[PDB]
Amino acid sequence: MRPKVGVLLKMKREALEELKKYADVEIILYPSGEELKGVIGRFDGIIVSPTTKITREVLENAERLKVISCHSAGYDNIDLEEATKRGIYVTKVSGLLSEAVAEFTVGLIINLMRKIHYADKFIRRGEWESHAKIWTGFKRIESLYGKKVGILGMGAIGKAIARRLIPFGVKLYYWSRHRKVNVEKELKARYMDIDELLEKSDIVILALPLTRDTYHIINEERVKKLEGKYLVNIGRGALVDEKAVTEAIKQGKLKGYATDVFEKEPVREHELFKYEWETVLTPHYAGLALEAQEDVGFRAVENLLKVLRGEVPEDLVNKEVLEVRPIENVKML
């Protein structure tokens, strides 16, 4: 208990006990930007939940901060560039969480293609009048088998989706800021430029982090490039021009849209709500599963301790930080 760690959320008791074995902890549940500004200087590291934002204004007071462990799969609540400039290591949680998200995504894909979510409503309404009504009445349904799937973002989650899709007989295409050749041949995924992928893919999956460079990466023009195709989003609503997506749906241009995320959450009303056949919509819970929720805490604690032990964690988001402040400089344990 020598490094001073601030836990900014309600973590599982067990994960906390593990952390306390190595550091002194201060529990400051979901602090406002002002409250965190006045206490952040006390910590060598912090464990934060998505709801807490680590802005450049917060970092200005992080005099001894060495590591920020995001207890989530995403890290858009962190000003990455500013953290990097200050030599602050930022980590995120993969493990069972990444697996759970990737599993959920494939479920979104199969529902968007095969319409199971729609059929479930259908039968419960008593509409199953006959074999003919279904096998003739149901609009054309395409299978995932034999389709070309293009994935944008090949991080922990993107790779997990790719591995799950192979046995479904799809052809994989992908794009990522940092290209992964060591993954390409393994999963038989052909690297391509964004637009080339949008044009050549039958199905497009969004597994990108939300940054200034990915905001509306799927703009109105690109939505047009997706006429007759399927779009699946598990990153953030802002990865797409949601108004443009919706319009494409209502006009019958975009064949289908499945998403677990929206530009403005929570969503209580939406034009896409009436399009039950063309869309699959979930209330942002792709990472919600018992096993995953139990693992996140341990992983977040492990990621933070690794850095303070002078070890580079595999889930380090801003690897460039290594050049700014060599890991030896932040080793406390």
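When you see a residue number, it is the position in the sequence shown, counting from 1.
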Assert higher mean C-alpha B factor (169 to 177 or 108 to 116, deposited values) equals 169 to 177
The stretch carrying the higher mean Cα B factor in the deposited entry, 30 to 38 or 295 to 303, is 30 to 38
From 261, 206, 97, 248, the top C-alpha temperature factor is at 248
Per the deposited entry, the peak Cα B-factor within the set 236, 85, 71, 190 goes to 190
Of the three thirds of the chain ranked by Cα temperature factor, residue 66 occupies the lowest
In terms of its chain's C-alpha B-factors, the third that includes residue 79 is the middle
Binned into thirds over the chain's modelled residues, the C-alpha B-factor of residue 143 lands in the middle
Tertile call for residue 135 (CA temperature factor, within chain, third-based) is the highest
By the entry's values, the third containing the CA B factor of residue 102 is the lowest
